[PDB]
Amino acid sequence: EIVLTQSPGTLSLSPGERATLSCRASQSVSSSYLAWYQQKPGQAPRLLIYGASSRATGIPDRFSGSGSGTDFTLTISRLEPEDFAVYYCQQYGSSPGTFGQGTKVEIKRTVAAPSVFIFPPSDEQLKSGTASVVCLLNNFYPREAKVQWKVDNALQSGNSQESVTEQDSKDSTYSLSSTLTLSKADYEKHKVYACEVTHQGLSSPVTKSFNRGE
Amino acid sequence: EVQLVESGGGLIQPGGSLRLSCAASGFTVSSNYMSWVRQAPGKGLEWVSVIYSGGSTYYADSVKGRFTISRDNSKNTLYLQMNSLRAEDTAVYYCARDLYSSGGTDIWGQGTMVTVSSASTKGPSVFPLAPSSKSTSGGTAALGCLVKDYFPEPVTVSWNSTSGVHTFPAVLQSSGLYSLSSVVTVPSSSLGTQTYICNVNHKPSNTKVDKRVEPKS
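So, how was this worked out
- Residues numbered from 1 in each chain as written, not as in the entry; some residues may be left out.
- Chains lettered and ligands numbered in written order.
- Heavy atoms only, no water.
- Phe/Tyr/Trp six-rings, centres within 6.5 Å; stacked < 30°, edge-to-face > 60°.
- Helix = DSSP H or I, 4+ residues; strand = E, 2+ residues; numbered from the N terminus.
- Buried < 20%, exposed > 50% of the residue type's maximum accessible area, 1.4 Å probe, protein only.
- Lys NZ or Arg CZ within 6 Å of the ring centre and 35° of its normal.
- Contact = heavy atoms within 4.5 Å.
- Buried area = accessible area lost by both parts, 1.4 Å probe.
- Salt bridge = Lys/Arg side-chain N within 4 Å of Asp/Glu carboxyl O.
- Polar contact = N/O pair within 3.5 Å; in protein donor to acceptor, adjacent residues only side chain to side chain.

Per the deposited record, the coordinates in this entry were obtained by X-ray crystallography to a resolution of 1.4200 Å.

Some words on the packing of aromatic side chains
Within this structure, the stated rule accounts for 14 aromatic pairs over all chains. Relative to A:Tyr92, the ring of A:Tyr33 lies with its centre 5.0 Å away and its plane at 25°, an arrangement referred to as stacked. In this pair, A:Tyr33 is assigned in the loop between β3 (19-29) and β4 (34-39) and A:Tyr92 in the loop between β8 (85-91) and β9 (98-99), connecting sequence segments 59 residues apart. By relative accessible area, which is 28% here, A:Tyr33 ends up partly exposed. Classification of A:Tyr92 by relative accessible area gives buried; the value is 3%. When the ring of B:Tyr150 is compared with that of B:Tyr178, the centres are 6.0 Å apart and the planes differ by 40°; the resulting orientation is tilted. Here B:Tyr150 falls in the buried class, since its relative accessible area comes to 1%. Put simply, the rings of A:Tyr37, A:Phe99, B:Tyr94 and B:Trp108 pair up and form one aromatic cluster. Sitting over the face of the ring of A:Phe84, A:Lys40 holds its NZ or CZ atom 3.5 Å from the ring centroid. Above the plane of the ring of B:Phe27 lies B:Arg97, whose end atom (NZ or CZ) is 4.7 Å from the centre.

Quick look at the interface of chain A and chain B
Across the boundary between the two partners, chain A contributes 43 residues, which contact 39 residues of chain B. Its largest share of buried area at the contact with chain B, chain A owes to A:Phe99, A:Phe117 and A:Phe119, together 17% of the area lost on that side. Our count for the chain A to chain B interface comes out at 0 salt bridges. For the pair chain A and chain B, the interface holds 11 residue pairs in polar contact. Considering each element in turn, the side of chain A that touches chain B owes the most residues, 5 residues, to strand β12 (residues 130-140) of chain A.

Structure below.
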């Protein structure tokens, strides 16, 4: 089968920049029968280009394709913040058609520190025997952030899980949720619950905390 | 408009069978190359099956002999009938119209998640993430719903039946059940006045839960 190798695997660039995505074939692709697709999180792929260089109807002019033989290129001439996605190439010049493994385009922006919020467990949940404490880091960039939980000043380990949103389509920021899960009994035995956040946009780490009962 | 509207999906036990379908508008299934494509969580796109106008069918090696692609011309519908399902078949499945015998796909169905697991469906427990001073930032405040302990994916979350909303990717817990938070940023001046209700729909369990989220001191 024709193997399509996309490069780079990840590409991070700011709005207004030119983005160049490569797709190299292990053997020549006949008749420039190569397509490009954009896939946003949670959505079906969208055809951008077919025939290596033909823009599909309705696709913005910033998207263009070129190539023949074993090397094909998708260009985004001036990136827009809504252009974060995984981009796939596909050859249909030889059977079976095959897809590349995708290039993930991430949109760079200037540094933005998180706003930090904390939510104690609900009374409704505690009646069930478990306590979930949630720390929210809102609207920050870059994506890397360290979140540490402390219960009565004791660093926690193995009892938290994190999730991060997709980038905002307008301002390119992320948000992150960290959930500390404890037994009701353990929760009621301690007083101070704290989320400590380290992030490049902050001049120093920030701690957000509450005392159980409030 | 030219489109494919997909139906089917959900949880199926290993060894079981499951059928997906898609209704076409703006072209005829009988006269096109049509295919099914799948995408395992976090992975790339893989063709599953293709059918030609003249009726020939082709299959990926992984599904040959246990999946069938077919069509109903007079209903303008495409089908995928799957058998002997295994956990490695868990994926989002898309129907597609192909411009060429080997790809070039302009029309895609919206996708449906097929989860192959011996675990039972479980409906989410929905708990409020109540707004307080600890979730307030001057003129805005955050509130949410914790959507905990459900299986399989997906769950849908809406607010008041829209802006400022962040619904986080679900995390798989050690229990094998999924958990998710949905938060919205609202005017801090409305916390006492506006009713905020999260609507959680978990179709596999036919669970629909509205939870009112009220402030705490």
